[PDB]
């Protein structure tokens, strides 16, 4: 199956997922000079006060922090979005070295990692139906750069030892995702896709301009995870990012002037 290596990585995905060569694939490079302020964007509302985290899972590609999405609790509204999008999970993409790891790039610059908070449009009832819709998902993307530690990330870092290998999970209740945000909600937005198979073209991307800082020690612990399962040869979970894809017939809009 698919992965990030030479023999199963992004350059191979199109053979089983032909939409990999589609018209609205993600990530993209964000050319900041060409992105245009859009006065039609409404204020963005990130409402995570009642979020209910449940579990953290090593799925063999990254680790996912999962939320209870059975009611309107943690939601994203406003900005480019029509209606209410409910938080279901977050995960990261990161590099083997601090100079790469992000999926989106900013004027071609790669960050050390990228956080994706994944939400589905409640008008479609369930995540599975939402991924059959052009406006089914909204992903809030946040860049990570290496500098000072991010206190709200440390609980994640410290549980990774217990989910080292593919298929391992651990309880992860009472985690507040508000601690992963930067100060500013300035953002860029464009229509795109999932960045892993099945690469479905369902996503409104909202990429924050301000990165968060994490410490070298924090990201080094991400890099100690394993792609492999328990009892199998160790393959460090690094470089689990898809490179930028063609922009095609799209425009990136900015929330700021």
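Numbering follows the first chain given and starts at 1. Note that the rigid core is defined as the largest set of C-alphas that superpose within 1.5 Å between two forms.
Larger average C-alpha displacement in 4 other deposited structures of this protein, relative to the shown form after a rigid core fit, is seen for 35-43 when comparing 223-231 with 35-43. Per the PDB record, of the two stretches 72-80 and 120-128, 72-80 carries the greater mean B-factor over its C-alpha atoms. Across the two stretches, 197-205 and 226-234, the PDB entry reports the greater mean Cα temperature factor for 226-234. Per the deposited record, 169 carries the highest C-alpha B-factor of all listed residues (169, 100, 89, 133). Ranked by Cα temperature factor within the chain, residue 210 sits in the lowest third according to the deposited record.
Ranked by Cα temperature factor within the chain, residue 182 sits in the middle third according to the deposited record. Residue 189 sits in the lowest third of its chain by CA B factor, as recorded in the PDB entry. Remark: residue 96 belongs to the middle third of its chain, ranked by C-alpha B-factor as recorded. When the CA B factors of the chain's modelled residues are split into thirds, the value for residue 26 lands in the lowest one.
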